[PDB]
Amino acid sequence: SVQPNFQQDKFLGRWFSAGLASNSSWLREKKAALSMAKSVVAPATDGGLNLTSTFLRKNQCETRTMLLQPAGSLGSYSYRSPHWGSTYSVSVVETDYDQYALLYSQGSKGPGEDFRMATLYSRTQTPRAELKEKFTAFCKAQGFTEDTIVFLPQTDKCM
């Protein structure tokens, strides 16, 4: 269920984490108390991607980097989390490269297999209405209910 003819080089660069849906209420709640700054997608050695997220947590700038290892079809990745004792499938399901990308993740190993999440990445920090609806429509088709779909607070700090 990857974006057809996915081109990794065009997915590189700056993105803003503008929305999320998840079946984990804990995760949604933790994320919403953060303020998202910017994300950066960079090439990784294994042929995949390094995803670096910058955010505000209790008024402090924080950064986290995740290695997205190539999995199957181009646009699909695996993320290993030692903390969660789990591996997650991560897929770029839909993107036009220059405005939005929709990512979908679910566990593939360990207790994390119970976990599902959709993310809206936008090239602009405030996405147009058309892009927000693209995200909500995707989330609804994937069985996320209305109150599990979150638009995330943003910040201009940390940059």
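Note that residue numbering follows the sequence shown and begins at 1.
Novice: Quick check on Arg80: across the other compared entries (only those modelling residues on both sides), is it unmodelled in a third or more?
Specialist: No: coordinates for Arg80 present in every compared entry.
Novice: Decide which of the stretches 68-76 and 81-89 has the higher mean C-alpha B-factor, going by the entry.
Specialist: It is 81-89.
Novice: Read off the CA B-factors in the entry, average them over 107-115 and over 120-128, and name the higher stretch.
Specialist: Averaging CA B-factors over each stretch, the winner is 107-115.
Novice: Looking at the C-alpha B-factor values in the deposited entry, which of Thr95, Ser35, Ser53, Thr45 comes out highest?
Specialist: It is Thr45.
Novice: Compare the CA B factors listed in the entry for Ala141, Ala18, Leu12, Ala21 and report the winner.
Specialist: Within the set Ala141, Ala18, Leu12, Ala21, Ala141 shows the top C-alpha B-factor.
Novice: Just say lowest, middle or highest third for the CA B-factor of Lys58 relative to the other modelled residues in its chain.
Specialist: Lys58: CA B-factor falls in the highest third of its chain.
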